[PDB]
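Visitor: Just the structure for this:
(4 chains, ligands or ions: 1)
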Amino acid sequence: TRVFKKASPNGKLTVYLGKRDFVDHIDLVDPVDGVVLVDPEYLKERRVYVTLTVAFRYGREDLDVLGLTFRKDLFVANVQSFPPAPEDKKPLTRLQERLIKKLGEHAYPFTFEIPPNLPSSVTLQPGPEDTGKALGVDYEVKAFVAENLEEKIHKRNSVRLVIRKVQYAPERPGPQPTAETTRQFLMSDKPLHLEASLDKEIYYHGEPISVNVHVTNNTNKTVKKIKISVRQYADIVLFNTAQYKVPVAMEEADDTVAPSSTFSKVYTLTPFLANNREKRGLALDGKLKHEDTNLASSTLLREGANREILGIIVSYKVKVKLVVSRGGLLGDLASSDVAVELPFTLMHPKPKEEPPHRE
Amino acid sequence: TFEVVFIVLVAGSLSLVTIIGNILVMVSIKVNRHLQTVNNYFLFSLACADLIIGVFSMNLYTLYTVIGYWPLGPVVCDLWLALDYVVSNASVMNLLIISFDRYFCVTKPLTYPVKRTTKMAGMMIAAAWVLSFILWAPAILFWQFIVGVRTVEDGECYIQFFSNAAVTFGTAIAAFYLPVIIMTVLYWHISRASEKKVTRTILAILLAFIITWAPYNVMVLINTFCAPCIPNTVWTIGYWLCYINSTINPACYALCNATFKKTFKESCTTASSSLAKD
Amino acid sequence: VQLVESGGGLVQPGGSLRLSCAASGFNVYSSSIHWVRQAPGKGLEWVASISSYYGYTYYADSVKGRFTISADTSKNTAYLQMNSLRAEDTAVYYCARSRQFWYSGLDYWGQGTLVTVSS
Amino acid sequence: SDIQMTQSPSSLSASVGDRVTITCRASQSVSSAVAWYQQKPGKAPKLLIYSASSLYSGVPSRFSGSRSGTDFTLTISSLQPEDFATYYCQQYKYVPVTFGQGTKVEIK
Ligand SMILES: Cc1c(Cl)c(OCC(=O)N2CCN(C)CC2)nc2sc(C(=O)NC3CC3)c(N)c12
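Guide: Numbers count the residues shown, from 1 in each chain, chains lettered A, B, ... in the order given. Have a look at this structure:
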């Protein structure tokens, strides 16, 4: 079939690699592996090394903090492709087999496995102004030559391919998500009730999300308005643990309800990036070049995963708010409200191939 | 008279020394328009204030210190000495800002560079200039008109309210203590997230700063209480030592600003190929 | 699964007409739209494209700016006010959906509509 | 640029039960980003193969095709009467998405 190749500026170091993506099963990932070809005449005595690096930028290199860098590594691995590691004999994949068959004798394989609990390749919306190597997590594979591992990385004789690791929707749909609450106040004993639910548990990007809500206004008060929202809780792990929260989409409704009455309705709304350009810090599902990706898909974390190592984690929650009037013998436009949240999942199905920034 | 030939040589020596590098960084924001950032413009606001001290203040004070008296007159100590405080207070007021980005970035890296803008950054700069001036310039000028005659003469240029222990007890700590208080805690708290040059630079910027303005602000408690036991032989010691602030401080951060430190001194394509069938 | 299309007919040169088509069972935010020309007895000619989930549109270089495509999410419909007719536009026009994620060809086609420029 | 396509041949007469090939070359390299569609007279066309290899779900596997350099090509394994129609190739790697001159299947 087709495979991806790329040769170093020195024209003599080329890498061959089948799939750019590497799907991530809940506890398994496609082993990332390829074959590198070089003109031995050039290689007087140097050794050829290929390295996988999982970097994580969190501050643009132009940042002003003295000394403190902004590029943490999560996992790197090195392999001396040539000399072809006699003691290290690997079970060459059939892909490497066929590649070897095609190219000459001067090609040599390389094969990295991946730690299971690692983040999907995501990048944070770089906003209008800044440029360069964008933020977020990233996976690269370099190939170069040197006699010493710590020696300088002479640019013209090395080549690197970016790589993305992604996940697809769990084939078995989960339990239908929902929640409910009640609120009472110093006025009387009649806590109004509020239940909310979702059509299903997993949604594909653009699948219209439908909230179903019911409310029983027992108390002698009036709900002024309703505000439904879909928010992107994006946890960032570092030396510290911080969490951001960006409202990805929303809607509101002036469906007032009288005291002691009741009401119910289904609303709907769709998360989508189009109208969410300007919001910096938003998380995107990773890019190779500046290809406009889609709203970063929720990380289907394995239950009880050791999220401490996980650089970035993403999750999407819908949230319903009922704002009411506290007026009366003591009250005005200023008043309190109720809110309830339902987490869910937003991912892709399991297709047979991905688009390399086309159309 | 050889010490006179030696000590007076230090006068001209430290006079223009800090004045020279002051304009250097002050122009790199305009000349080196590529090595210049708003987060680095704050460091330029330092030299913006750190210049006048070594130009007008650190120069004229040497005259009164050498002559033994300040024949320039009280009308001269009216605005001149007003500048020294209003300037030095403004410098530290800015250095407070220079200790928040260093926190905001290192603590919450994502909100900060988006939360600010050059239109809002300028107000974050000039307010430090105005606030420190308005806190000192009129009070130093009103101290006479509020109390009457000038409590100090021009044979030893001194403070107008030098004995008014009312504000001089409070104006010192407020303008000094809380700044140095939050600062040393932050840059340790910032070090908590940290690593060779950084720990070698954190205290470096810190301990240098406190070596400058602490003895003045500390001894400022003595004059308000023990005015006669403050020796004039030492009144210029700290005054000249604290004058060294606007000299080493601009030299303190060029060590880290590698981009300005230089300013003041090829890709093939990803492609595919055919793989044969089984 | 179906997809209706209408809003066409006979128009005069330079004129305008908002040919539209609706997608029964397609959240527009997951299925880009395109329109494509067939000159009667000639090869198909792509015309325009809209991708709601990015707001991007792309028009035919031949008539770039001459027409204007758009969409209506409230009804899951797509609009195209063809304007300023250059006479090379008299043809049949189809509107079709991709998968706005992971383009895999024009998997579904409305019945199109014949739109010709004449006097 | 505006990549052009060349559907060769431009017409074809053939017989029932025959296995037949039709090619089209691209003015550049579009890297297998091509789809083959069918269209009968009057009716609206339908996709047949996307990515130049994968047959669409809902087609008889007698259709096939592959890519060699800038030249892709499809084949039918046995021309049923339902298969006598016009066939288009169309790349999509480079906006805008041009088709080819196409190809029309006639009776022997
Ligand atoms: C700034 C300042 C103050 Cl605030 C000050 O206040 C202290 C005080 O109240 N007294 C009362 C009367 N005498 C006992 C003298 C000291 N005394 C001085 S003496 C000097 C200097 O040495 N100037 C240089 C020109 C010689 C100062 N800069 C200075």
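
Visitor: From here on, just use CA atoms for contacts and neighbour counts.
Guide: Fine.

Visitor: For chain B, which residues are neighbours of chain A?
Guide: B:39-40, B:102, B:105-106, B:109-110, B:114, B:193-195, B:197-198, B:256-257, B:266-277 (Cα under 8 Å from any Cα of the partner chain).

Visitor: for chain B, what spans make up the helices?
Guide: Assigned helices in chain B, in chain order: B:2-28, B:38-52, B:58-67, B:74-97, B:101-107, B:112-115, B:118-147, B:165-193, B:196-226, B:232-243, B:245-253, B:258-264 (criterion: DSSP state H).

Visitor: Ok, chain A next?
Guide: Under DSSP H, chain A gives helices at A:94-102.

Visitor: so, in contact with chain B or not, the strand ranked longest in chain A?
Guide: In chain A, with assignment by DSSP state E, the single longest strand is strand A:222-237. No - Strand A:222-237 does not reach chain B (Cα under 8 Å from any Cα); its nearest approach is 10.7 Å.

Visitor: swap in stretch A:272-282?
Guide: Yes - judged by Cα under 8 Å from any Cα, stretch A:272-282 and chain B are in contact via A:280, A:281.

Visitor: give me the residue from chain D nearest the ligand.
Guide: Of all residues in chain D, the one sitting closest to the ligand is residue D:95 (76.3 Å; Cα to the nearest ligand atom).

Visitor: let me redo that: the stretch 201-350 of chain A
Guide: Counting by Cα to the nearest ligand atom, the stretch 201-350 of chain A gets nearest the ligand through residue A:240, at 47.5 Å.

Visitor: Who are the contact partners of that residue?
Guide: By Cα atoms under 8 Å, 6 or more residues apart in numbering or on different chains, residue A:240 lies in contact with nothing.

Visitor: just the strands in the stretch 101-250 of chain A please.
Guide: Taking DSSP state E, counting those that start in this stretch as the test, the strands found in the stretch 101-250 of chain A are A:107-112, A:123-124, A:136-146, A:159-163, A:178-183, A:192-198, A:202-204, A:209-216, A:222-237, A:241-253.

Visitor: Those strands into JSON lines, with extra columns for mean neighbour count?
Guide: Formatted as JSON lines, those follow (neighbours: other Cα atoms under 10 Å in any protein chain shown):
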{"stretch": "strand A:107-112", "mean neighbour count": "20"}
{"stretch": "strand A:123-124", "mean neighbour count": "23"}
{"stretch": "strand A:136-146", "mean neighbour count": "22"}
{"stretch": "strand A:159-163", "mean neighbour count": "19"}
{"stretch": "strand A:178-183", "mean neighbour count": "16"}
{"stretch": "strand A:192-198", "mean neighbour count": "21"}
{"stretch": "strand A:202-204", "mean neighbour count": "20"}
{"stretch": "strand A:209-216", "mean neighbour count": "18"}
{"stretch": "strand A:222-237", "mean neighbour count": "20"}
{"stretch": "strand A:241-253", "mean neighbour count": "15"}
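
Visitor: near chain D, which residues of the stretch 151-278 of chain B?
Guide: residue B:272.

Visitor: same thing with chain C?
Guide: With Cα under 8 Å from any Cα as the criterion, chain C meets chain D at residues C:42-46, C:58, C:60, C:104-112.

Visitor: From residue A:105, how far off is the residue in chain B positioned nearest to chain C?
Guide: Per Cα to the nearest Cα, residue B:272 is where chain B lies closest to chain C, at 19.8 Å. Counting by Cα to Cα, to the nearest Å, the separation of residue B:272 from residue A:105 is 20 Å.

Visitor: Count the residues that sit near residue A:302.
Guide: Residue A:302: 12 surrounding residues under other Cα atoms under 10 Å in any protein chain shown.

Visitor: my read: it touches residue A:26, true?
Guide: Yes - between residue A:302 and residue A:26 there is a contact under Cα atoms under 8 Å: 6.3 Å.

Visitor: if I look at the two, which residues touch both of them?
Guide: Contacts common to residue A:302 and residue A:26, judged by Cα under 8 Å, 6+ apart, are absent.

Visitor: related to what we said a few turns ago, out of the strands of the stretch 101-250 of chain A, flag the one nearest chain D.
Guide: Chain D lies closest to strand A:159-163 among the strands of the stretch 101-250 of chain A, at 18.3 Å (Cα to the nearest Cα).

Visitor: Comparing residue B:272 and residue A:105, which shows the higher neighbour count?
Guide: Set residue B:272 next to residue A:105 and count neighbours by other Cα under 10 Å: residue B:272 wins out with 15 against 10.

Visitor: Give me the nearest residue to the more buried one, chain neighbours excluded.
Guide: Excluding its sequence neighbours, the residue lying closest to residue B:272 (Cα to Cα, 6 or more residues apart in numbering or on different chains) is residue A:4, at 4.3 Å.

Visitor: where does chain C come near chain B, residue by residue?
Guide: Counting by Cα under 8 Å from any Cα, no residue of chain C is near chain B.

Visitor: about what we covered before: winner for burial among the helices of chain B?
Guide: helix B:38-52 (a mean of 21; mean count of other Cα atoms under 10 Å in any protein chain shown).
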